[PDB]
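Encoded as structure tokens, the following chain is the form deposited in one PDB entry, with no partner shown.
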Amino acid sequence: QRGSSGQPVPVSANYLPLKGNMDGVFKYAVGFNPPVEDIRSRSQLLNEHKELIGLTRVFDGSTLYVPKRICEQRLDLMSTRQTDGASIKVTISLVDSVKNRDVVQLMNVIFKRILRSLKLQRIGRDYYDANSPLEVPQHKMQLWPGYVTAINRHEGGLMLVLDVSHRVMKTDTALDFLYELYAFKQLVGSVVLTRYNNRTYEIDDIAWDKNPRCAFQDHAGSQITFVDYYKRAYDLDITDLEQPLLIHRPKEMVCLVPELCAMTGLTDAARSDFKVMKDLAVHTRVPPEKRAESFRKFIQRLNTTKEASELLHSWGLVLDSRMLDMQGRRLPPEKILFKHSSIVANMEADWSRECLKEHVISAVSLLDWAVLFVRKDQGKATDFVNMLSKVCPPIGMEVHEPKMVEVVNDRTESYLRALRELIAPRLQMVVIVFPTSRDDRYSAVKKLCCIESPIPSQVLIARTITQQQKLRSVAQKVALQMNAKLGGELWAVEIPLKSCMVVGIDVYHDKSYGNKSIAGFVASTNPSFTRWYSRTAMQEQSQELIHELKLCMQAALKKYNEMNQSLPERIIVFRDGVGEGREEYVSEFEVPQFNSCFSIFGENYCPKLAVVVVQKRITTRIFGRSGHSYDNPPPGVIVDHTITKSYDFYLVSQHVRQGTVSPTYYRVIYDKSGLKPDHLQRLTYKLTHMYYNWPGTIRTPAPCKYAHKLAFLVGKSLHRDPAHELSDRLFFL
């Protein structure tokens, strides 16, 4: 899995390495012949002979883990419980811990108890802090930091994956909220928690008929008033006498007094305030340095408590004091090509400025084309056409005066009538200017322009052509998109792999149109990866959909055969849309279908397939380290070891000006191409530049994003299989 391409760069990830040696731990089964309903009964059964069962036990259904070997492997205890007792049959039996899949679960439970050994309380899965708030003393709000941690196993051993989050908070009481509100949804949705007994309480129902003078039987004794109760419990007073009360019932009733409460989350009015969200964005969008600061403070809190550390010592695992530090490598910047010119990409990996003033490779003379709009939007469309005339000769295209057609009114019926009248064999592109953003009209227009009488078209809104001092870049972007939707290529990159047909797949999961689960298939056609062939497989099955994908692959391969007079030696399938629940299905079910029927085109024709799974969401964050400063790494950084599981890698390719850049995770589930891992990594980096919508770099490779866009367009708007006349073009950008 090793590869040496670029220059070394020191980086650090948010992984705390757990030097945890599990020795002597064995899954002891206790059980009993007469079943007992209560889990607490079983826990107390263990605790009765806890002197022999140990002072540090993990029992969650008779799967008793004790840290050290029991002196007698088989130990039988008969004991009587409290209710009747039934002569419980406690008997110790041994089960091995060899497989090590139980080790991660044991780690998780012990580490949960270790996290609660501190004074961090839980408002969920996260254990939010209640001692170091981030005051925002203008909105009366308050931000609590908190941590979510998940022990996992990586190439370097066991890593505590760690990520910080912020939970908002107010300081005005609930009665202040009710003061300013003189409704039900805001109060019920909020999760009010009292300060004295710091635990989260959920409000489900309100009763505007109770009061503090009401009585509740305390300690199963006599009646007490809420004022008396809180006076005798926590030494405080409550002033109001006819205020509402809040009812909380778990899954008897708990009556919260809405003066001691403190609402949480954000209310709709609080969210609507632009200033509030602008202020909280600064804290929520954490740069790398502040994220590292919170991480370091968490490590110090774990280390210096002396209660969590004792439990760590008890279970025999060592914890480390600094976040993981590794030595990654940065691939060189890529020479972007144009017609008789080249530009080396920035350290930011963005060449919009050079794209605006440099000649594209292939340009289509936009001779015959027409513009469609309502009368109200005449001047804006005319001004847009003038700027398209202005900005095209600089970049290479020769644009002529389009045709000028108006529609009777704004209704979809008139647009459809005008399109049915207008479309002719010679017409190349139709521009349609929507006065608003209505989904059904867009669906009908794209239906007519992609199924019935297929012609590539550009729809644009009357919002992005009215704001002057910005229409120049809008025209320069629409011009490139228009060139893309005609068979012309914009830029190119030096790709040193001959005869490697690249494939991209992504599936549009959706329960909107019959849960059809539309797919998308995109395949390259030339040695430079600048022309694409796009098909879609829409099926209500998990088996025959792969047969449609088989047909798509066969058609793409024969298209390559026509367009290059030979067949590809390699096929690389960058697969997208596969999460963590359904990772295995590709490896064993979809892949052999691709492997099976490639013998129809040649004598023992077996192209060297290789399948790659793309995950855009991960809990890993990678910072570059300069001296003692943490900052986002530049685009083009590879991390292929010490945080990777099985022949995979992390690529940083996006540039983000706000917060921490999220790397993209690439696995190679099926590898038969014969390419070295280094060349596959470099190919995945180079394909990142090949997305025409955005000059620069993107998260996923260009084929995967193209497939996602095709599937999205087919599933959301067309609801049908688009025509075959538009396959060789990119008609979905």
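Each residue number is its position in the shown sequence, starting from 1. Each form is matched to the other, and the largest set of C-alpha atoms that superpose within 1.5 Å is called the rigid core.
Note that the form deposited in another entry isn't included here; everything after this is about it.
Looking at CA displacements between the shown form and the other one with the core superposed, a shift of 2 Å or more is confined, among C606, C214, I461, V408, to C214. With a cut-off of 2 Å and the rigid core superposed, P244 has a Cα displacement that reaches or exceeds the cut-off between the shown form and the other one. With a cut-off of 2 Å and the rigid core superposed, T63 has a Cα displacement that reaches or exceeds the cut-off between the shown form and the other one. Superposition on the rigid core between the shown form and the other one places the CA atom of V637 less than 2 Å from its counterpart.
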